[PDB]
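Visitor: below: the sequence, then the experimentally determined structure.
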Amino acid sequence: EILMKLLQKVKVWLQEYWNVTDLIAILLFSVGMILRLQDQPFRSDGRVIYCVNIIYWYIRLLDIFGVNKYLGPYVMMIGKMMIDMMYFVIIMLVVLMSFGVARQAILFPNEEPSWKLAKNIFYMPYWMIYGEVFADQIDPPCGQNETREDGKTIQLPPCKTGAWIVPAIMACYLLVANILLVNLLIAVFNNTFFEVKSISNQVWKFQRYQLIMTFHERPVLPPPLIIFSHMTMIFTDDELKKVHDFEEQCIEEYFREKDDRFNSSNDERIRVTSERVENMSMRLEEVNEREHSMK
Amino acid sequence: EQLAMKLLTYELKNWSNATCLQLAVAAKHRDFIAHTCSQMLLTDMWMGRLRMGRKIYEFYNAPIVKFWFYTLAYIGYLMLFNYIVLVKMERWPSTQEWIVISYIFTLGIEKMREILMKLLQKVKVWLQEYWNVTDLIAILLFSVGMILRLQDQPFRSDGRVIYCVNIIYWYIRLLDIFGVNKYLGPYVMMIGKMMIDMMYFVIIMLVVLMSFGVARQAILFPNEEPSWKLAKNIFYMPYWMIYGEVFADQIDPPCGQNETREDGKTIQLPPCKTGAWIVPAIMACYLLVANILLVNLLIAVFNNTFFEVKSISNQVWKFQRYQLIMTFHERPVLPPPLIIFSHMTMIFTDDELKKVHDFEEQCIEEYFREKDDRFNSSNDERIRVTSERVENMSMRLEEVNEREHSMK
Ligand SMILES: CCCCCCCC/C=C\CCCCCCCC(=O)O[C@H](COC(=O)CCCCCCCCCCCCCCC)COP(=O)(O)OCCN
Ligand SMILES: CCCCCCCC/C=C\CCCCCCCC(=O)O[C@H](COC(=O)CCCCCCCCCCCCCCC)COP(=O)(O)OCCN
Ligand SMILES: CC(C)CCC[C@@H](C)[C@H]1CC[C@H]2[C@@H]3CC=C4C[C@@H](OC(=O)CCC(=O)O)CC[C@]4(C)[C@H]3CC[C@]12C
Ligand SMILES: CC(C)CCC[C@@H](C)[C@H]1CC[C@H]2[C@@H]3CC=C4C[C@@H](OC(=O)CCC(=O)O)CC[C@]4(C)[C@H]3CC[C@]12C
Ligand SMILES: CC(C)CCC[C@@H](C)[C@H]1CC[C@H]2[C@@H]3CC=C4C[C@@H](OC(=O)CCC(=O)O)CC[C@]4(C)[C@H]3CC[C@]12C
Ligand SMILES: CC(C)CCC[C@@H](C)[C@H]1CC[C@H]2[C@@H]3CC=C4C[C@@H](OC(=O)CCC(=O)O)CC[C@]4(C)[C@H]3CC[C@]12C
């Protein structure tokens, strides 16, 4: 398809993003296939590459759905709302990191450097958004004299210098996140929906032509079997006068109608009436004054 | 465009050499600044000479690069603060903590220099902004924490917690940095305006929460001596009930019954309480009232207020842009960590004017003539004139016709 200067063809091809993503996915699949066949230690990596790659092909069904009348605009609307999603994400991330760092620092006062800290910063607070608050770990009893049940008494730890601040910050963070920002995003979507809808519909109606022509030019067979297709590929005046007369008549009628509509405007009538009245009044006054001599 | 740009800014000996933009900003017109030409001039000043020997001076004094340097320094300081708080601390501070405290105190010194430039008027104007007040409070808290940290074991753990709680304000202060962005500044103002509706919702939510908590606590634990745990228990579970944790285990335990148990000796069940089913009933009613009604009402409030707030926020940001640009124009080149050396250094044609005036006079004349022509072209003016002349003409014609009888 790209083969049909070459730089212009490449630029036009890159104008579309689906082709770029398809090329990237095909390259990743080739890498995975090469890794799969080379002995035991590499085969498990190629399998995971396949598993992660299948997701793009699963999602590519939106391009197929684009043809549908009632379903194409949905995809464009989602694509446009992704930007507001990102803007929400930035602030959500800032608040998330603040809360996570505070929680991690308040607890575990002594701990040597390691990479687990970064994971712990993000782990719990992100899941706190979607309804999992970890009720067990909010505020454990810590130090006390507990005899336990059905077992020997277990001496409780000595607690930490400050922990109640952790529940306080948790409450504040949940209040800020689960209520304010999400509802603000809902309002943004509600405001932008009407503006985006008509534009998306018109743009889809325009892209319909290119879709139809692309499917008109393609070979009959599908990709699995078009290898044979590739092998084959490498191997009246009166009517025109009537149309012109019709067009000329239409032009004349349209111009005449436009002129008549402009003349029918009340502004034109008012202007003409005022001009004639002013001229007529002056002429009448002169006649009346001149009539005195006749008298 | 060039004539407008020239007319906008040029020193006037008549008005103490003050340009039009300065007067408009001081007047707080809020619409002269937002005009496209003014925004273009502000952007041109923002990018300085590089509107893409002398390079070292011009490039490094442009506001934009100084802004980026300040941002990078702030980000690095934040990273060091995070590393410090996460990792354990010995009796004496490390290099990172020295760098952090030096940054904090240099920032305080910079604030003092800025306020120093009567003194009461300066203080009032400074307090007009809230970010400076919050920064001062945070710096004082950090100083308290630093003093507490160094005084023996029992106090050091308190200073560490002070640091941990303080870092949050610096984390949140990135909104001021984001304020410069075109598409992101208005978001912050919108959030600030919605906080009020948040508070109004909070009051009623708190009332209902307290009612339910007190009812639950009183129905259970009929006998219990006074203590502070009751206040905590009033608030604990019901607040978390909002966000999807209902504590299914504790809704309605079996209480009294003959249970043989499993894989163990039979455990005699307690004798229950006088009334418990009322607790599930009240829980259901409270959840219905809270998780559905009030939240959706708040959603509706936000939807209604969003459009009203959006345009005002955009205009206000466009106005504040000028002060932002000038503030970054006046600041020193170096960022806070290294401006101690900066502080040490600091302590140590007529024809064109006639053409502009002629252009302005021509514009005034043209505008007034156009306004007069537009007013005269109004249909009301034509209708009024036509009626007046017709009435006068009709009366004159009637008199002539009556007088014509004598001639006959
Ligand atoms: C290491 C971990 C990686 C994480 C992998 C992702 C996790 C899988 C689960 C969920 C992923 C869902 C991602 C949401 C995708 C939304 C895309 C969408 O609807 O917007 C579309 C945007 O269209 C585009 O521009 C094409 C962009 C598609 C890229 C999607 C890639 C996501 C899949 C990741 C898998 C990894 C391979 C990716 C290779 C690039 C629809 O708009 P349009 O009108 O058709 O514009 C076409 C312009 N000519
Ligand atoms: C003892 C326990 C204390 C609890 C600590 C808080 C818990 C930490 C987790 C989450 C905190 C999130 C708080 C939400 C902050 C929202 C602020 C916001 O976006 O509104 C802003 C309002 O702007 C302002 O007026 C500045 C006010 C900022 C104060 C924020 C302080 C909260 C942090 C608390 C930390 C303790 C130190 C505080 C010291 C005062 C944006 O509006 P603006 O247009 O820029 O107005 C500027 C006027 N010139
Ligand atoms: C505000 C938006 C942008 C959300 C961003 C949050 C993500 C960056 C967080 C949420 C959950 C996190 C993950 C939680 C757990 C892990 C496993 C971790 O790998 C291991 O734990 C090694 C094996 C082991 O030791 O158990 C690598 C990071 C990852 C994917 C974390 C990386 C960052 C994630 C994806
Ligand atoms: C946007 C800003 C706030 C940056 C993000 C804040 C933190 C999540 C980042 C910033 C720098 C990071 C640190 C960079 C260097 C190190 C040391 C390094 O630990 C080791 O050297 C030991 C390696 C091992 O034994 O595995 C890895 C974690 C840590 C603390 C990183 C963990 C997370 C930190 C504190
Ligand atoms: C409607 C809006 C305004 C929500 C307001 C609710 C908050 C005032 C509640 C929710 C969770 C409560 C916290 C839950 C647990 C604790 C720990 C408690 O400290 C202890 O328990 C001492 C140590 C111990 O005995 O275990 C101090 C109060 C605090 C922060 C509670 C105080 C009040 C909080 C923040
Ligand atoms: C807005 C209105 C409804 C006020 C809030 C209602 C309750 C949450 C407050 C009001 C008065 C408070 C009481 C004021 C005095 C005391 C006694 C005091 O207990 C002790 O004297 C023993 C101290 C100890 O042993 O620790 C602390 C709790 C209690 C019941 C307080 C707990 C919570 C109460 C009932």
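Guide: Sure thing, it's come through. Numbers count the residues shown, from 1 in each chain, chains lettered A, B, ... in the order given. Ligands and ions are numbered 1, 2, ... in the order given.
Visitor: and the helices in the stretch 51-200 of chain A?
Guide: A:61-65, A:72-106, A:116-128, A:165-175, A:182-217 (DSSP state H, counting those that start in this stretch).
Visitor: in whatever helix or strand comes next after the last one, which residues are buried?
Guide: Translated: helix A:182-217. Counting by DSSP states H and E, the element after helix A:182-217 in chain order, helix or strand, is helix A:227-234. Along helix A:227-234, not one residue counts as buried under the neighbour rule (16 or more other CB atoms under 10 Å in any protein chain shown). For every residue, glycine as well, the C-beta is placed using N, CA and C.
Visitor: off-centre distance for helix A:227-234?
Guide: 39 Å (CA atoms, centre = their mean, to the nearest Å).
Visitor: and the helix or strand just after it, anywhere near chain B?
Guide: Next in sequence after helix A:227-234, counting helices and strands by DSSP H and E, comes helix A:237-264. No - using CB under 8 Å from any CB of the partner chain, helix A:237-264 stays clear of chain B, coming no nearer than 15.5 Å.
Visitor: then stretch A:186-196?
Guide: Yes - counting by CB under 8 Å from any CB, contacts between stretch A:186-196 and chain B involve A:186, A:187, A:188, A:190, A:191.
Visitor: check the offset of that stretch from the chain's centre.
Guide: 12 Å.
Visitor: what sits up against that stretch?
Guide: For stretch A:186-196, contacts defined as CB atoms under 8 Å, 6 or more residues apart in numbering or on different chains pick out A:76, A:77, A:80, A:81, A:84, B:299, B:302, B:303, B:306, B:307, B:310.
Visitor: that one: which residues count as buried?
Guide: A:187, A:188, A:196.
Visitor: which residue is it, in chain A, that comes closest to ligand 4?
Guide: Nearest to ligand 4 in chain A, going by CB to the nearest ligand atom, is residue A:113, at a distance of 3.9 Å.
Visitor: setting the sequence-adjacent residues aside, check what's closest to that residue.
Guide: residue B:87 (5.4 Å; CB to CB, 6 or more residues apart in numbering or on different chains).
Visitor: around ligand 1, pick out the residues from chain A.
Guide: Within chain A, the positions lying close to ligand 1 (CB under 6 Å from any ligand atom) are A:16-18, A:21, A:24-25, A:55-56, A:59, A:62, A:75-76, A:78-79.
Visitor: try it again with 5 Å
Guide: A:17, A:21, A:24, A:55, A:56, A:75, A:76, A:78, A:79 (CB under 5 Å from any ligand atom).
Visitor: list buried residues within those.
Guide: In the residues of chain A next to ligand 1, the ones that pass as buried (16+ other CB under 10 Å) are A:75, A:76.
Visitor: pull the most distant pair out of the residues of chain A next to ligand 1.
Guide: A:24 and A:76 (22.2 Å; CB to CB).
Visitor: nearest residue to the middle of chain A?
Guide: Geometric centre of chain A, nearest residue: residue A:79, 1.7 Å, by CA atoms, centre = their mean.
Visitor: count the residues that sit near whatever residue of chain A ends up closest to ligand 2.
Guide: Proximity of chain A to ligand 2 (CB to the nearest ligand atom) peaks at residue A:172, 4.1 Å away. Neighbourhood size, residue A:172 [other CB atoms under 10 Å in any protein chain shown]: 13.
Visitor: circling back to that earlier point, between the helices of the stretch 51-200 of chain A, which gets nearest to ligand 5?
Guide: helix A:165-175 (4.1 Å).
Visitor: list the contacts of that closest one.
Guide: A:95, A:99, A:102-103, A:106-107, A:125, A:128, A:133, A:138-139, B:161, B:165, B:168, B:202, B:239, B:243.
Visitor: mind doing that once more with 7 Å?
Guide: A:95, A:99, A:102, A:103, A:106, A:128, A:138, A:139, B:165, B:239, B:243 (CB atoms under 7 Å, 6 or more residues apart in numbering or on different chains).
Visitor: how about these in CSV, adding distance to ligand 6?
Guide: Converted to CSV, the contacts of helix A:165-175 look like this (distance: CB to the nearest ligand atom, whole Å):
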residue, distance to ligand 6
A:95, 29
A:99, 27
A:102, 27
A:103, 27
A:106, 24
A:128, 27
A:138, 20
A:139, 18
B:165, 25
B:239, 14
B:243, 22
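Visitor: list buried residues within these.
Guide: The buried subset of those - by 16+ other CB under 10 Å - is A:95, A:99, A:102, A:103, A:106, A:128, B:165, B:239, B:243.
Visitor: which two of these have the greatest separation?
Guide: B:165 and B:243 (23.0 Å).
Visitor: which of the buried ones among the contacts of helix A:165-175 are close to ligand 5?
Guide: residue B:239.
Visitor: can you put the buried ones among the contacts of helix A:165-175 in a markdown table and add distance to ligand 3?
Guide: Below are the buried ones among the contacts of helix A:165-175 laid out as a markdown table (distance: CB to the nearest ligand atom, whole Å):
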| residue | distance to ligand 3 |
| --- | --- |
| A:95 | 9 |
| A:99 | 12 |
| A:102 | 17 |
| A:103 | 15 |
| A:106 | 20 |
| A:128 | 11 |
| B:165 | 22 |
| B:239 | 24 |
| B:243 | 18 |
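Visitor: helices and strands around the strand or helix carrying residue A:50, which ones?
Guide: For residue A:50, the element it lies in under DSSP H and E is helix A:39-59. Applying 3 or more CB pairs under 7 Å, 6 or more residues apart in numbering or on different chains; DSSP states H and E, one finds that helix A:39-59 contacts helix A:17-36.
Visitor: chain center to the helix it packs on, what's the gap?
Guide: With CA atoms, centre = their mean, you get 24 Å for helix A:17-36.
Visitor: secondary structure element for residue A:8, which one?
Guide: Residue A:8 belongs to helix A:6-15, assigned by DSSP H and E.
Visitor: quick one: that helix to helix A:17-36, angle?
Guide: Orientation check (axes from the mean of the first three to the mean of the last three CA atoms, to 10 degrees): helix A:6-15 against helix A:17-36 gives 90 degrees.
Visitor: just the CA coordinates for helix A:6-15, please, in PDB.
Guide: Taking Å, rounded to 0.1, in the frame of the first residue of the first chain, the C-alpha atoms of helix A:6-15 are listed here in PDB:
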ATOM      1  CA  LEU A   6       9.000   8.600  -1.300                       C
ATOM      2  CA  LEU A   7       9.300  11.200   1.500                       C
ATOM      3  CA  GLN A   8       5.900  12.700   0.700                       C
ATOM      4  CA  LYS A   9       4.300   9.200   0.700                       C
ATOM      5  CA  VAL A  10       6.000   8.500   4.100                       C
ATOM      6  CA  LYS A  11       4.700  11.700   5.500                       C
ATOM      7  CA  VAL A  12       1.100  11.100   4.300                       C
ATOM      8  CA  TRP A  13       1.300   7.500   5.600                       C
ATOM      9  CA  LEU A  14       2.400   8.800   9.000                       C
ATOM     10  CA  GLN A  15      -0.500  11.300   8.900                       C
END
